[PDB]
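Student: Provided herewith: model.txt, compact mmCIF, N, CA, C and O atoms.
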# COMPACT_ATOMS: atom_id res chain seq x y z
N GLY A 473 -0.34 24.19 -21.70
CA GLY A 473 -1.50 23.63 -20.96
C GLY A 473 -1.60 24.17 -19.54
O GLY A 473 -0.79 25.02 -19.13
N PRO A 474 -2.58 23.69 -18.75
CA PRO A 474 -2.73 24.02 -17.33
C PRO A 474 -1.66 23.37 -16.44
O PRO A 474 -1.00 22.40 -16.83
N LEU A 475 -1.49 23.88 -15.21
CA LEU A 475 -0.50 23.39 -14.24
C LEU A 475 -0.93 22.07 -13.56
O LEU A 475 -0.13 21.14 -13.45
N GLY A 476 -2.19 22.00 -13.09
CA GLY A 476 -2.69 20.95 -12.18
C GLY A 476 -2.09 21.00 -10.76
O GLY A 476 -1.06 21.66 -10.52
N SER A 477 -2.73 20.34 -9.79
CA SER A 477 -2.33 20.27 -8.36
C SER A 477 -3.08 19.15 -7.61
O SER A 477 -3.79 19.40 -6.63
N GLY A 478 -2.97 17.90 -8.08
CA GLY A 478 -3.73 16.75 -7.54
C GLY A 478 -3.17 15.36 -7.87
O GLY A 478 -3.94 14.41 -8.05
N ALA A 479 -1.84 15.23 -7.99
CA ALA A 479 -1.15 13.99 -8.37
C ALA A 479 -0.92 13.03 -7.17
O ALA A 479 0.07 13.15 -6.44
N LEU A 480 -1.84 12.08 -6.96
CA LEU A 480 -1.73 11.00 -5.96
C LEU A 480 -0.67 9.94 -6.35
O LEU A 480 -0.26 9.85 -7.51
N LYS A 481 -0.26 9.11 -5.37
CA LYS A 481 0.82 8.10 -5.50
C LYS A 481 0.43 6.75 -4.89
O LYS A 481 0.86 6.37 -3.79
N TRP A 482 -0.44 6.03 -5.60
CA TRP A 482 -0.91 4.68 -5.25
C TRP A 482 0.17 3.60 -5.45
O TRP A 482 1.15 3.80 -6.18
N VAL A 483 -0.05 2.43 -4.86
CA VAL A 483 0.76 1.21 -5.03
C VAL A 483 -0.12 -0.01 -5.32
O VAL A 483 -1.21 -0.16 -4.76
N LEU A 484 0.38 -0.88 -6.20
CA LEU A 484 -0.23 -2.17 -6.55
C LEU A 484 0.53 -3.28 -5.81
O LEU A 484 1.76 -3.35 -5.86
N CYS A 485 -0.18 -4.12 -5.05
CA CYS A 485 0.43 -5.26 -4.35
C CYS A 485 0.89 -6.35 -5.35
O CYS A 485 0.25 -6.56 -6.37
N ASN A 486 1.95 -7.11 -5.03
CA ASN A 486 2.42 -8.23 -5.87
C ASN A 486 2.23 -9.61 -5.21
O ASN A 486 2.24 -10.62 -5.92
N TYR A 487 1.99 -9.66 -3.90
CA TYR A 487 1.77 -10.88 -3.11
C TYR A 487 0.75 -10.61 -1.99
O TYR A 487 0.67 -9.49 -1.47
N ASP A 488 -0.06 -11.61 -1.62
CA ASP A 488 -1.00 -11.51 -0.50
C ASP A 488 -0.25 -11.56 0.86
O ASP A 488 0.84 -12.13 0.96
N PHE A 489 -0.84 -10.99 1.92
CA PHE A 489 -0.24 -10.89 3.25
C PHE A 489 -1.34 -10.63 4.28
O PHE A 489 -1.87 -9.53 4.37
N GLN A 490 -1.71 -11.67 5.03
CA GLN A 490 -2.67 -11.57 6.14
C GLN A 490 -2.01 -10.91 7.36
O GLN A 490 -0.96 -11.36 7.83
N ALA A 491 -2.63 -9.85 7.89
CA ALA A 491 -2.09 -9.03 8.97
C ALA A 491 -3.20 -8.38 9.82
O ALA A 491 -3.99 -7.59 9.32
N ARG A 492 -3.26 -8.73 11.11
CA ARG A 492 -4.31 -8.30 12.07
C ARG A 492 -3.77 -8.11 13.50
O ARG A 492 -4.54 -8.12 14.47
N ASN A 493 -2.45 -7.98 13.65
CA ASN A 493 -1.75 -8.02 14.95
C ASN A 493 -2.27 -7.00 15.98
O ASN A 493 -2.59 -7.37 17.12
N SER A 494 -2.34 -5.71 15.60
CA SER A 494 -2.85 -4.60 16.43
C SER A 494 -3.08 -3.32 15.61
O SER A 494 -4.16 -2.72 15.70
N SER A 495 -2.12 -2.95 14.76
CA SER A 495 -2.17 -1.78 13.85
C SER A 495 -1.73 -2.14 12.41
O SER A 495 -1.42 -1.28 11.58
N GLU A 496 -1.68 -3.44 12.11
CA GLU A 496 -1.44 -3.99 10.77
C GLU A 496 -2.77 -4.29 10.05
O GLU A 496 -3.83 -4.37 10.69
N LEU A 497 -2.72 -4.48 8.73
CA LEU A 497 -3.90 -4.74 7.90
C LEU A 497 -3.57 -5.69 6.73
O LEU A 497 -2.58 -5.50 6.01
N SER A 498 -4.43 -6.69 6.53
CA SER A 498 -4.34 -7.65 5.44
C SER A 498 -4.42 -6.99 4.06
O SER A 498 -5.19 -6.04 3.86
N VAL A 499 -3.69 -7.54 3.09
CA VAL A 499 -3.68 -7.13 1.68
C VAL A 499 -3.67 -8.34 0.73
O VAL A 499 -3.32 -9.45 1.13
N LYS A 500 -4.05 -8.10 -0.53
CA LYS A 500 -4.19 -9.12 -1.59
C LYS A 500 -3.43 -8.70 -2.85
O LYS A 500 -3.27 -7.51 -3.10
N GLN A 501 -3.06 -9.66 -3.69
CA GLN A 501 -2.33 -9.46 -4.95
C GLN A 501 -3.03 -8.52 -5.96
O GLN A 501 -2.37 -7.96 -6.84
N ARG A 502 -4.34 -8.32 -5.83
CA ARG A 502 -5.15 -7.42 -6.68
C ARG A 502 -5.66 -6.18 -5.95
O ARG A 502 -6.41 -5.39 -6.54
N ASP A 503 -5.29 -5.99 -4.69
CA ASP A 503 -5.64 -4.79 -3.93
C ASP A 503 -4.78 -3.58 -4.38
O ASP A 503 -3.64 -3.74 -4.82
N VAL A 504 -5.33 -2.38 -4.24
CA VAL A 504 -4.68 -1.11 -4.61
C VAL A 504 -4.96 -0.06 -3.53
O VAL A 504 -6.11 0.15 -3.13
N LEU A 505 -3.88 0.54 -3.01
CA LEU A 505 -3.90 1.36 -1.80
C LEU A 505 -3.03 2.61 -1.98
O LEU A 505 -2.14 2.65 -2.83
N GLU A 506 -3.27 3.64 -1.17
CA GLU A 506 -2.64 4.96 -1.30
C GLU A 506 -1.72 5.23 -0.10
O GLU A 506 -2.13 5.09 1.05
N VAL A 507 -0.44 5.53 -0.38
CA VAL A 507 0.63 5.59 0.62
C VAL A 507 0.54 6.87 1.46
O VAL A 507 0.47 7.98 0.92
N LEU A 508 0.60 6.71 2.78
CA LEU A 508 0.44 7.78 3.78
C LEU A 508 1.76 8.07 4.52
O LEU A 508 2.01 9.22 4.91
N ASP A 509 2.60 7.05 4.72
CA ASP A 509 3.92 7.15 5.33
C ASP A 509 4.89 6.11 4.73
O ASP A 509 4.51 4.96 4.50
N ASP A 510 6.13 6.54 4.50
CA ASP A 510 7.22 5.77 3.88
C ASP A 510 8.57 5.94 4.62
O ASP A 510 9.64 5.66 4.07
N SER A 511 8.53 6.42 5.87
CA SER A 511 9.70 6.74 6.71
C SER A 511 10.57 5.52 7.06
O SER A 511 11.80 5.63 7.18
N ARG A 512 9.95 4.34 7.16
CA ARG A 512 10.56 3.03 7.46
C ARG A 512 9.98 1.93 6.56
O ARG A 512 8.98 2.15 5.88
N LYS A 513 10.58 0.73 6.59
CA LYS A 513 10.15 -0.48 5.85
C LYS A 513 8.67 -0.86 5.99
O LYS A 513 8.09 -1.40 5.05
N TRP A 514 8.05 -0.56 7.13
CA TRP A 514 6.60 -0.69 7.34
C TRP A 514 5.88 0.57 6.83
O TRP A 514 5.68 1.53 7.57
N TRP A 515 5.52 0.57 5.54
CA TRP A 515 4.71 1.64 4.94
C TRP A 515 3.29 1.62 5.51
O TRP A 515 2.74 0.55 5.79
N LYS A 516 2.68 2.80 5.66
CA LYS A 516 1.28 2.96 6.07
C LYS A 516 0.44 3.33 4.85
O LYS A 516 0.81 4.24 4.11
N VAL A 517 -0.68 2.64 4.65
CA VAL A 517 -1.55 2.76 3.47
C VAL A 517 -3.03 2.74 3.87
O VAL A 517 -3.38 2.27 4.96
N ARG A 518 -3.90 3.22 2.97
CA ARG A 518 -5.37 3.26 3.14
C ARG A 518 -6.05 2.44 2.04
O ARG A 518 -5.90 2.72 0.85
N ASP A 519 -6.77 1.41 2.47
CA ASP A 519 -7.61 0.54 1.64
C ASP A 519 -8.93 1.23 1.19
O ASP A 519 -9.35 2.22 1.80
N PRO A 520 -9.61 0.70 0.16
CA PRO A 520 -10.85 1.27 -0.37
C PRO A 520 -12.08 1.15 0.57
O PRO A 520 -13.09 1.82 0.31
N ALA A 521 -12.02 0.35 1.63
CA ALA A 521 -13.10 0.24 2.63
C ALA A 521 -13.06 1.38 3.68
O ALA A 521 -14.07 1.63 4.35
N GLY A 522 -11.93 2.08 3.81
CA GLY A 522 -11.75 3.26 4.65
C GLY A 522 -10.92 3.04 5.92
O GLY A 522 -10.82 3.96 6.74
N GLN A 523 -10.34 1.85 6.12
CA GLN A 523 -9.43 1.57 7.23
C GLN A 523 -7.99 2.06 6.92
O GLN A 523 -7.74 2.70 5.89
N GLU A 524 -7.05 1.80 7.82
CA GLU A 524 -5.61 2.00 7.61
C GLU A 524 -4.81 0.88 8.32
O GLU A 524 -5.29 0.27 9.28
N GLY A 525 -3.57 0.65 7.88
CA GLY A 525 -2.63 -0.21 8.60
C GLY A 525 -1.23 -0.24 8.01
O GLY A 525 -0.99 0.18 6.87
N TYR A 526 -0.29 -0.75 8.81
CA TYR A 526 1.10 -0.98 8.41
C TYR A 526 1.28 -2.31 7.66
O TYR A 526 0.67 -3.33 8.03
N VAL A 527 2.17 -2.32 6.66
CA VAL A 527 2.59 -3.50 5.87
C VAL A 527 4.04 -3.33 5.37
O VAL A 527 4.47 -2.19 5.17
N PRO A 528 4.79 -4.42 5.14
CA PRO A 528 6.15 -4.33 4.60
C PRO A 528 6.14 -3.85 3.14
O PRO A 528 5.38 -4.36 2.32
N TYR A 529 7.01 -2.90 2.79
CA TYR A 529 7.12 -2.38 1.42
C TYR A 529 7.56 -3.44 0.38
O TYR A 529 7.29 -3.27 -0.81
N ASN A 530 8.21 -4.53 0.82
CA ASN A 530 8.78 -5.57 -0.04
C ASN A 530 7.73 -6.31 -0.91
O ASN A 530 8.05 -6.72 -2.03
N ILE A 531 6.49 -6.47 -0.43
CA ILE A 531 5.38 -7.09 -1.18
C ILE A 531 4.57 -6.08 -2.02
O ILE A 531 3.75 -6.48 -2.84
N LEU A 532 4.81 -4.78 -1.82
CA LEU A 532 4.19 -3.69 -2.58
C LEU A 532 5.07 -3.33 -3.79
O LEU A 532 6.29 -3.54 -3.78
N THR A 533 4.47 -2.74 -4.82
CA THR A 533 5.17 -2.24 -6.01
C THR A 533 4.55 -0.94 -6.51
O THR A 533 3.38 -0.66 -6.21
N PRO A 534 5.29 -0.10 -7.27
CA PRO A 534 4.75 1.12 -7.85
C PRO A 534 3.59 0.84 -8.82
O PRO A 534 3.39 -0.30 -9.27
N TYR A 535 2.86 1.89 -9.18
CA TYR A 535 1.76 1.84 -10.15
C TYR A 535 2.11 2.71 -11.38
O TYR A 535 1.65 3.85 -11.50
N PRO A 536 2.97 2.20 -12.30
CA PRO A 536 3.37 2.90 -13.52
C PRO A 536 2.30 2.90 -14.62
O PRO A 536 2.46 3.58 -15.64
N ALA A 537 1.20 2.14 -14.43
CA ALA A 537 0.09 1.96 -15.38
C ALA A 537 0.51 1.43 -16.78
O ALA A 537 -0.17 1.67 -17.78
N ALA A 538 1.63 0.69 -16.84
CA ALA A 538 2.17 0.06 -18.04
C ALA A 538 2.92 -1.25 -17.70
O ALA A 538 3.49 -1.40 -16.61
N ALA A 539 2.94 -2.20 -18.64
CA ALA A 539 3.58 -3.52 -18.53
C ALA A 539 4.01 -4.06 -19.92
O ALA A 539 3.85 -3.39 -20.94
N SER A 540 4.55 -5.29 -19.95
CA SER A 540 5.06 -5.98 -21.16
C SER A 540 4.68 -7.46 -21.17
O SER A 540 4.02 -7.89 -22.15
Turn this file's structure into structure tokens for me.
Tutor:
Amino acid sequence: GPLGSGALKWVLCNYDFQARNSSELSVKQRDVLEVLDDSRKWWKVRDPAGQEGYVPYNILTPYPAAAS
């Protein structure tokens, strides 16, 4: 088959978290966001409205697109 060159790495939230301090951003249990930085516990992500902000990785989870 072909090689491809466009594999993004989204995350699915598992708990809600209100955040508006200065450079933080609120998230919800059904929100889905794309990871921009993972250097520390405060991951940086982009929401579907076009903003950005920091959030703790502990409430975020991978997007394996499968469950049981």
Student: Can you list, as a ChimeraX atom specification, every protein, DNA or RNA residue that comes within 12 Å of region 518-526 of chain A when you count only C-alpha atoms, leaving out same-chain residues fewer than 6 positions away?
Tutor: /A:481-485,489-500,502-512,532
Student: Tell me which of A:486, A:477, A:517, A:501 sits closest to residue 533 (chain A), counting all atoms listed in the file.
Tutor: A:486
Student: Could you tell me how far atom O of residue 531 (chain A) sits from CA of residue 514 (chain A), in Å to one decimal place?
Tutor: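 For CA of residue 514 (chain A) relative to atom O of residue 531 (chain A), the distance reads 12.1 Å.
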Student: Can you measure atom O of residue 478 (chain A) to atom O of residue 527 (chain A) for me? One decimal in Å is fine.
Tutor: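 If I compute the distance from atom O of residue 478 (chain A) to atom O of residue 527 (chain A), I get 22.8 Å.
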Student: Find the distance between CA of residue 480 (chain A) and CA of residue 534 (chain A) and write it in Å to one decimal.
Tutor: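 Computing the Euclidean distance for CA of residue 480 (chain A) and CA of residue 534 (chain A) yields 12.0 Å.
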Student: Which parts of chain A does DSSP call strand (DSSP E or B) when run on the backbone here, written out as JSON, numbers by chain?
Tutor: {"A": [482, 483, 484, 485, 489, 496, 499, 504, 505, 506, 507, 508, 509, 514, 515, 516, 517, 518, 525, 526, 527, 528, 532, 533, 534]}
